[PDB]
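K.L.:
Structure incoming, see below.
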Amino acid sequence: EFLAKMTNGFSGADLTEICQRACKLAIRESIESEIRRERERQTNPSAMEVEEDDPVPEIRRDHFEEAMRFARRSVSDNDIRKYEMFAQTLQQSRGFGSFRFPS
Amino acid sequence: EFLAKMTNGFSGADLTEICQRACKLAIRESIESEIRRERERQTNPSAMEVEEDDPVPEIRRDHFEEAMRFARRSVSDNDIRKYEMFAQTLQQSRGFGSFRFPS
Amino acid sequence: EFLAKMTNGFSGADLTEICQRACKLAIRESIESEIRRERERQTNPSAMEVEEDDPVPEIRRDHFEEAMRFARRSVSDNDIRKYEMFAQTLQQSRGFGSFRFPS
Amino acid sequence: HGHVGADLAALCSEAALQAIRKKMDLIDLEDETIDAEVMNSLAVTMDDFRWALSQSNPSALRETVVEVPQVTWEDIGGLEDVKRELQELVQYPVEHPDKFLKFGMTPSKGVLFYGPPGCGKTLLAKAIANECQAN
């Protein structure tokens with residue numbers, strides 16, 4: 673809900689990217705963990721991995737807060753202004769309005 | 673490494689030519705040697721060619737220093753400036769940046 | 673001399689700026705020192721300032737190495753190419769060349 | 404790089420003919436009953452293969468080819484941002500297919516390089532194929 677009143681003029685095809693961006697960032701943190709989990713120096717067989725790491729089982733908040741910094745509105749202000757000018761080029765009761773019938 | 677910090681704005685397809693230029697210049701020096709090696713006047717059969725000439729078994733430095741004088745940048749400054757203007761016509765976080773979440 | 677063979681196509685009005693840039697950066701380091709020299713906490717009158725600081729009595733090398741990063745060529749490649757095309761639009765022995773007189 | 408197996412059989416046959424042809428100055432036509440000295444003391448050498456390959460045998464092949472490339476990552480050093488992005492877009496949906504279904508992000512399907520002519524565009528696009536061992 674905080675993402676709602678922060679992204680005002682974003683199109684629907686744009687905030688479907690920032691969740692794919694935060695997904696991509698969390699996969700980057702997961703493979704980052706799995707490239708150093710097997711990189712154990714003085715790898716003792718004692719104290720086995722019966723407790724798993726499980727570093728990122730879901731998207732955290734700072735993944736969103738980092739992926740949100742690359743947000744970008746696709747449509748400009750000049751094209752939403754173009755479609756509003758097309759809505760008024762369309763009629764939408766282009767005329768009198770608010771009349772009544774004789775008794 | 674001295675060729676690195678001397679050719680700054682050269683494209684990758686341009687310094688692949690100057691090594692073909694220095695190769696072509698060293699082949700010119702090799703066939704130059706082989707056109708005068710067999711051109712022996714008072715050619716005595718004594719003191720045979722048991723020691724070979726081998727004049728240019730590799731590219732020397734002055735082959736590079738002579739071939740470098742015909743270096744030429746293919747792309748201009750106006751086209752790298754065109755692509756940077758296309759990078760800013762692209763979004764690349766064309767917006768707010770650097771926000772945070774409520775506690 | 674290392675600045676000579678590093679700035680190739682810079683105009684004369686451009687490397688008169690980068691020495692004013694390194695001068696401006698060294699004045700920034702001097703007033704930076706004088707804003708913390710008088711900011712002494714537990715300012716004892718003992719051990720007086722008979723030895724001065726004198727932090728930047730000249731421009732150091734890293735002032736140049738930091739100011740050089742904001743170097744910018746003013747003239748483009750398209751205008752030096754324009755003047756060379758004006759040199760060939762000019763004559764400069766646009767003709768025969770290399771003749772001799774009868775004996 | 405562009406021959407087929409029957410082309411290589413023809414290449415070997417032409418190298419054998421070239422090695423025979425270089426010995427016909429002493430293998431003459433007057434040698435009617437042929438002596439078996441050449442039949443156990445002739446071996447094709449390298450320049451005969453080079454003659455049969457370069458001077459002759461036009462290859463019977465033009466079409467597309469499918470193999471892993473071989474230009475490594477140190478053929479264009481640096482550009483670590485582009486390399487890291489291509490790793491996140493190509494390396495990971497091949498080398499780690501299960502973790503993409505942990506939280507279920509669908510992968511993308513390709514980027515569009517753009518730049519000046521001759522900055523190693525193709526030489527970079529082959530590099531991720533060489534790193535992933537992909538075709």
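First to last, the protein sequences are chains A, B, C and D.
Each residue of the first sequence is one higher than the one before, counting from 673 in the deposited numbering.
Each residue of the second sequence is one higher than the one before, counting from 673 in the deposited numbering.
Each residue of the third sequence is one higher than the one before, counting from 673 in the deposited numbering.
Each residue of the fourth sequence is one higher than the one before, counting from 404 in the deposited numbering.
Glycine included, C-beta positions come from ideal geometry on N, C-alpha and C.
Would you identify the three-state DSSP class for B:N680, choosing helix, strand or coil?
P.N.:
Working through the second sequence from its first residue, we reach residue 680 of chain B at position 8. Of the three classes helix, strand and coil, the one that applies to B:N680 here is coil, per DSSP.
K.L.:
Just curious, the alpha helix (DSSP H) that A:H735 is in, first and last residue?
P.N.:
Residue 735 of chain A sits at position 63 when you count from the first residue of the first sequence. Taken as a continuous stretch (DSSP letters only), the alpha helix (DSSP H) holding A:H735 covers 733-739.
K.L.:
If you draw a straight line from the C-alpha of D:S511 to the C-alpha of D:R465, how long is it?
P.N.:
Translated into the one-based positions of the fourth sequence, residue 511 of chain D becomes position 108. Translated into the one-based positions of the fourth sequence, residue 465 of chain D becomes position 62. Each residue's Cα considered, the two are about 32 Å apart.
K.L.:
Are the CB atoms of D:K529 and D:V474 within a distance shorter than 8 Å?
P.N.:
As a working note, residue 474 of chain D is residue 71 in the fourth sequence. As a working note, residue 529 of chain D is residue 126 in the fourth sequence. In contact: D:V474 and D:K529 (Cβ atoms closer than 8 Å).
K.L.:
Of all the alpha helix (DSSP H) runs that stay within the bounds of the region 455-537 of chain D, which reach a length of 4 or more residues?
P.N.:
Entirely contained in the region 455-537 of chain D, the alpha helix (DSSP H) runs reaching 4 residues are, in chain order, 483-489, 495-498, 524-535.
K.L.:
Which residues mark the beginning and the end of the alpha helix (DSSP H) in which B:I707 is found?
P.N.:
The residue you call residue 707 of chain B lines up with position 35 of the second sequence. Note, B:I707: alpha helix (DSSP H), 690-709.
K.L.:
Using a C-beta cutoff of 8 Å, does residue 777 of chain B count as contacting chain D?
P.N.:
Past the boundaries of the shown model lies residue 777 of chain B; chain B is included only from 673 to 775, so the question cannot be answered.
K.L.:
Around the Cβ of B:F773, are there at least 16 other Cβ atoms within 10 angstroms (buried) or fewer (exposed)?
P.N.:
For the purposes of this step, residue 773 of chain B is taken as residue 101 along the second sequence, with counting starting at 1. By the 10 Å Cβ count, B:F773 comes out exposed.
K.L.:
Is it right to say A:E712 is buried, meaning 16 or more other beta carbons lie within 10 angstroms of its own, or is it exposed?
P.N.:
Reading the first sequence from its first residue, position 40 is the one you call residue 712 of chain A. Flag for A:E712 reads exposed.
K.L.:
For B:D751 and chain D, any beta-carbon pair shorter than 8 Å?
P.N.:
The sequence position of residue 751 of chain B within the second sequence is 79, counting from 1. By this cut-off, B:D751 is an interface position.
K.L.:
Within the same chain, show all residues whose beta-carbon is closer than 7 Å to that of B:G681, passing over the 5 residues directly before and after it, in chain order.
P.N.:
Position 9 of the second sequence, counting from 1, holds the residue named residue 681 of chain B. Excluding sequence neighbours, B:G681 sits near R745.
K.L.:
Which residues in chain A have a C-beta closer than 9 Å to the C-beta of B:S765? List them in chain order.
P.N.:
In the second sequence, residue 765 of chain B corresponds to position 93, counting from 1. Neighbours of B:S765 on chain A, chain order: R741, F742, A743, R744.
K.L.:
May I ask you to report which of helix, strand or coil DSSP gives C:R713?
P.N.:
The residue you call residue 713 of chain C lines up with position 41 of the third sequence. Here C:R713 sits in coil by DSSP.
K.L.:
Below 7 Å on C-beta distance, what does A:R709 contact in chain D?
P.N.:
Locating residue 709 of chain A in the first sequence gives position 37, counting from the first residue. Within chain D, no residue comes near A:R709; the closest Cβ sits about 13 Å away, beyond 7 Å.
K.L.:
Compare the C-beta of A:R700 against all C-beta atoms of chain D and say whether one is closer than 8 Å.
P.N.:
The residue you call residue 700 of chain A lines up with position 28 of the first sequence. Taking Cβ atoms only, chain D reaches closer than 8 Å to A:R700, which makes this a yes.
K.L.:
Beta-carbon separation of C:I752 and C:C695 under 8 Å?
P.N.:
As a working note, residue 752 of chain C is residue 80 in the third sequence. As a working note, residue 695 of chain C is residue 23 in the third sequence. No. Outside cutoff.
K.L.:
Please name the residue, chosen from D:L414, D:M442, D:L489, D:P496, that lies closest to D:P461 on a Cα-to-Cα basis.
P.N.:
Mapped onto the fourth sequence, residue 461 of chain D falls at position 58. Per the Cα distances, D:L414.
K.L.:
State the Cα-Cα distance for the pair C:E756 and B:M740, rounded to the nearest angstrom.
P.N.:
On the third sequence, residue 756 of chain C is found 84 positions in, with the first residue counted as 1. On the second sequence, residue 740 of chain B is found 68 positions in, with the first residue counted as 1. Approximately 21 Å, taken between the alpha carbons.
K.L.:
Does any CB atom of chain C fall closer than 8 Å to the CB of B:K677?
P.N.:
Sequence index remark: in the second sequence, residue 677 of chain B carries index 5 (1-based). Yes, B:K677 lies at the interface with chain C (some Cβ there is under 8 Å from its Cβ).
K.L.:
At least one CB of chain C closer than 8 Å to the CB of B:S748: is that the case?
P.N.:
Taking the first residue of the second sequence as position 1, residue 748 of chain B is located at position 76. So yes, B:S748 belongs to the interface.
K.L.:
Would D:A446 and D:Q421 qualify as a contact pair, given that the criterion is a beta-carbon distance under 8 Å?
P.N.:
Here residue 446 of chain D is taken as the residue at index 43 of the fourth sequence, counted from 1. Here residue 421 of chain D is taken as the residue at index 18 of the fourth sequence, counted from 1. No. Outside cutoff.
K.L.:
Under 8 Å between beta-carbons, which chain D residues line up against A:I690? List them in chain order, please.
P.N.:
Numbered from 1 along the first sequence, position 18 holds the residue referred to as residue 690 of chain A. Neighbours of A:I690 on chain D: none; closest Cβ ~12 Å, over 8 Å.
K.L.:
Would you please verify whether the beta carbon of B:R733 is less than 8 Å from any beta carbon of chain A?
P.N.:
Taking the second sequence and counting its residues from 1, the one referred to as residue 733 of chain B is at position 61. No, because no Cβ of chain A sits closer than 8 Å to the Cβ of B:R733.
K.L.:
What residues of chain D sit near B:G684, judged by a beta carbon separation below 7 Å?
P.N.:
In the second sequence, the residue the question calls residue 684 of chain B occupies position 12. Correct list: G521, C522, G523.
K.L.:
Given a threshold of 16 other Cβ atoms within 10 Å of its Cβ, counted over all protein chains shown, does C:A719 qualify as buried or as exposed?
P.N.:
Taking the first residue of the third sequence as 1, we reach residue 719 of chain C at position 47. So C:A719 ends up on the exposed side.
K.L.:
In whole angstroms, what is the alpha-carbon distance linking B:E710 and B:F736?
P.N.:
Your numbering for residue 710 of chain B matches position 38 in the second sequence. Your numbering for residue 736 of chain B matches position 64 in the second sequence. If you take the alpha carbons of B:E710 and B:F736, they lie about 27 Å apart.
K.L.:
Helix, strand or coil: which one does DSSP assign to residue 652 of chain A?
P.N.:
Because chain A spans 673 through 775 in this model, residue 652 of chain A falls outside it and cannot be assessed.
K.L.:
Could you give the residue range of the alpha helix (DSSP H) that holds B:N750?
P.N.:
The residue given as residue 750 of chain B occupies position 78 in the second sequence. Where B:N750 is concerned, the enclosing alpha helix (DSSP H) stretches over 749-761.
K.L.:
If I'm right that D:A532 touches D:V471 with Cβ under 8 Å, what's the distance once you round it to whole angstroms?
P.N.:
Working through the fourth sequence from its first residue, we reach residue 532 of chain D at position 129. Working through the fourth sequence from its first residue, we reach residue 471 of chain D at position 68. Confirmed, Cβ separation roughly 6 Å.
K.L.:
Measure the Cβ-Cβ separation of D:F503 and A:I699 and say whether it is below 8 Å.
P.N.:
One-based indexing of the fourth sequence puts residue 503 of chain D at position 100. One-based indexing of the first sequence puts residue 699 of chain A at position 27. Yes, they are a contact pair.
K.L.:
Just curious, the alpha helix (DSSP H) that D:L420 is in, first and last residue?
P.N.:
In the fourth sequence, the residue the question calls residue 420 of chain D occupies position 17. Where D:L420 is concerned, the enclosing alpha helix (DSSP H) stretches over 408-424.
K.L.:
Excluding sequence positions up to five away, which residues of its chain have a Cβ less than 6 Å from the Cβ of D:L489?
P.N.:
Counted from its first residue, the fourth sequence places residue 489 of chain D at position 86. Contacts found: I531.
K.L.:
Using the beta-carbon of each residue, which ones in chain A are nearer than 7 Å to B:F773?
P.N.:
Numbered from its first residue, the second sequence carries residue 773 of chain B at position 101. The answer, in chain order, is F674, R733, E737.
K.L.:
May I ask you to report which of helix, strand or coil DSSP gives residue 801 of chain B?
P.N.:
For chain B, the structure presents residues 673 to 775; residue 801 of chain B sits outside this window and is missing.
K.L.:
Grouping DSSP H, G and I as helix and E and B as strand, with all else coil, what is D:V441?
P.N.:
By one-based count along the fourth sequence, residue 441 of chain D stands at place 38. Helix at D:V441.
K.L.:
Let me know the secondary structure DSSP gives A:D686 once reduced to three states.
P.N.:
Indexing the first sequence from 1 puts residue 686 of chain A at position 14. Reduced to three states, the DSSP call for A:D686 is coil.
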